Amino acid sequence: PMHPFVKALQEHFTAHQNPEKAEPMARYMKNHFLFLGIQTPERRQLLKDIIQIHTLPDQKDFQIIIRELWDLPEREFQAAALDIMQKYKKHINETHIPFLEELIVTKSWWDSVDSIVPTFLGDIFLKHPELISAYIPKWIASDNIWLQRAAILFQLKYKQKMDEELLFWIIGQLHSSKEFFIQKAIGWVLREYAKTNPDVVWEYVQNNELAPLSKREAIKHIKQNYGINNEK
DNA sequence: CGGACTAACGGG
DNA sequence: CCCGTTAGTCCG
């Protein structure tokens, strides 16, 4: 039996569906998912409505509610699940890594994976850096582009706390990937980290092989700092 | 390739 | 208001 909070959310979202918007929204995600057609501002309000009426469920039900929402067809339910997980943030710890892994590799796409990785997993590994090597090597070795992207992006927001040796090691392992979502994640994490340490990122990109997309994205801004040499 | 543009979302 | 970003399409 579906949890009453999830049932209430399903009814309320469905009552406000927009088939006209659902079409372009589904196309944007390359038709991997059905959509109700509800964009983020309204989707968060509809969740708010249900929390106001029912109250947020006891923490004992947290993982259950996330999984039930994950199993519903329309993409807005996974987006809502992530909003709900943020509400239970203070209950999440290192013991939830496998739970988060399973979310990464089910109903997988860039929208859900990017919402799980730099935030929830990033925070966990900042608190428990000793656990990185229990997961990152397996992720990289896996057949799964989303675990590979997770390995790249978990340090995205680390700024001065970035483990540079680790970042570059991870990138080195994945630099030959022909997968767009890997090449782009490499570009993104380098571009972001260059905001903290431009010299290190510039040196890396000039001295290590990267896919063209990865390099181009990495230096999107810092090419202004260093210049674009004449090629002849 | 890589630049220009679109549309939505996060946050100064 | 602005800017920076996951994507996305389109054009030499």
Side-chain angles (χ1 to χ4, degrees), chain A residues 13 16-22 24-48 74-87 89 100 103-105 107-123 144-159 162 171 174-198 201 205-206 209-232:
Chain A
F13 279 23
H16 292 268
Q17 69 180 132
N18 185 326
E20 292 92 338
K21 285 193 177 174
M25 295 179 68
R27 194 177 64 249
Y28 184 70
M29 301 305 185
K30 302 282 199 171
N31 293 117
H32 292 284
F33 310 105
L34 300 176
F35 275 77
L36 293 176
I38 307 172
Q39 292 176 126
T40 293
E42 183 178 15
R43 197 202 64 243
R44 294 209 175 111
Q45 181 61 52
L46 296 176
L47 173 59
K48 273 174 143 286
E74 294 84 6
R75 190 52 161 181
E76 288 91 347
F77 296 113
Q78 289 91 67
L82 298 165
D83 288 334
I84 290 163
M85 192 158 65
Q86 183 62 220
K87 303 279 191 180
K89 174 73 174 188
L100 296 170
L103 298 176
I104 289 170
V105 304
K107 307 298 192 74
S108 311
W109 203 234
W110 60 263
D111 58 326
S112 56
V113 175
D114 291 356
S115 293
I116 294 160
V117 169
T119 49
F120 298 98
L121 282 166
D123 286 349
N144 195 291
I145 61 166
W146 307 107
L147 294 174
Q148 292 179 333
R149 181 159 167 124
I152 294 162
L153 294 179
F154 83 92
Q155 298 189 97
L156 180 64
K157 305 181 172 190
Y158 280 17
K159 298 183 177 173
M162 178 71 73
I171 293 173
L174 292 168
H175 78 94
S176 293
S177 177
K178 304 297 181 182
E179 171 59 49
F180 166 84
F181 289 110
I182 297 307
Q183 296 183 2
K184 183 67 171 292
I186 288 170
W188 183 11
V189 79
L190 291 171
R191 197 200 309 117
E192 190 67 14
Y193 186 56
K195 299 173 185 187
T196 295
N197 194 160
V201 175
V205 169
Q206 295 297 99
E209 299 187 359
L210 289 173
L213 171 60
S214 299
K215 181 171 182 185
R216 183 163 75 238
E217 294 294 338
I219 67 177
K220 179 169 192 176
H221 303 300
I222 64 167
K223 67 187 179 183
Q224 306 304 316
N225 299 49
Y226 300 101
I228 299 158
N229 294 339
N230 298 135
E231 289 285 355
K232 315 182 204 191

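In what follows, every chain begins at residue 1, and chains take the letters A, B, ... in the order their sequences are listed. Basis for what follows: all heavy atoms, side chains included, without hydrogens, waters or symmetry-related copies.
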How long is the line joining [atom1] of [X] and [atom2] of [N], in whole Å?
{"X": "A:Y28", "N": "C:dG8", "atom1": "OH", "atom2": "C1'", "result": "5 Å"}
{"X": "A:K195", "N": "C:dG4", "atom1": "NZ", "atom2": "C1'", "result": "6 Å"}
{"X": "A:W110", "N": "C:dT6", "atom1": "CH2", "atom2": "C1'", "result": "5 Å"}
{"X": "A:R75", "N": "B:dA8", "atom1": "CZ", "atom2": "P", "result": "18 Å"}
{"X": "A:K21", "N": "B:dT6", "atom1": "NZ", "atom2": "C1'", "result": "16 Å"}
{"X": "A:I116", "N": "C:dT6", "atom1": "CD1", "atom2": "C1'", "result": "14 Å"}
{"X": "A:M29", "N": "C:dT6", "atom1": "CE", "atom2": "P", "result": "14 Å"}
{"X": "A:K157", "N": "B:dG12", "atom1": "NZ", "atom2": "P", "result": "11 Å"}

Contact list please: residues 182-190 of chain A against DNA chain C, heavy atoms, distance less than 4.0 Å, in numerical order.
A:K184, A:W188
Can you list everything that forms a salt bridge (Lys or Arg N to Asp or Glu O under 4.0 Å) with A:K89? Sequence neighbours excluded, please.
A:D123
Any side-chain N or O of [X] under 4.0 Å from OP1/OP2 of [N]?
{"X": "A:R27", "N": "C:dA7", "answer": "no"}
{"X": "A:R44", "N": "B:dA8", "answer": "no"}
{"X": "A:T40", "N": "B:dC9", "answer": "yes"}

Please indicate the pucker of [N], north or south, going by the torsion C1'-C2'-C3'-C4'.
{"N": "C:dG4", "value": "south"}
{"N": "B:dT6", "value": "south"}
{"N": "C:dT9", "value": "south"}

Please report the interatomic distance [atom1]([X]) to [atom2]([Y]), rounded to the nearest 0.5 Å.
{"X": "A:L153", "Y": "A:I182", "atom1": "CG", "atom2": "CD1", "result": "8.5 Å"}
{"X": "A:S177", "Y": "A:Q148", "atom1": "OG", "atom2": "CD", "result": "6.0 Å"}
{"X": "A:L47", "Y": "A:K87", "atom1": "CG", "atom2": "NZ", "result": "6.5 Å"}
{"X": "A:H16", "Y": "A:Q45", "atom1": "NE2", "atom2": "CD", "result": "10.0 Å"}

Nearest listed nucleotide, side chain of [X], among [options]:
{"X": "A:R191", "options": "B:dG10, C:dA7, C:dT5", "answer": "C:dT5"}
{"X": "A:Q39", "options": "C:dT5, B:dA8, C:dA7", "answer": "B:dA8"}
{"X": "A:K30", "options": "C:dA7, C:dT5, C:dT9", "answer": "C:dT9"}

Students often mix this up, so state it plainly: with edges at 30° and 60°, are the rings of A:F181 and A:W146 parallel, tilted or perpendicular?
tilted
Which label fits A:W109 and A:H32: parallel for a plane angle under 30°, tilted from 30 to 60°, or perpendicular past 60°?
tilted
Let me know which of A:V201, A:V205, A:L190 forms a side chain to side chain contact (heavy atoms under 4.5 Å, CB included) with A:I219.
A:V205
Neighbours of DNA chain B within residues 211-230 of chain A, by heavy-atom distance under 4.0 Å
A:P212, A:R216
Of the non-hydrogen atoms in A:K220 and A:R191, which two are nearest, and what is the gap between them?
CD-NE, 4.0 Å
Are the side chains of A:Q39 and A:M25 in contact, using a 4.5 Å heavy-atom criterion?
yes
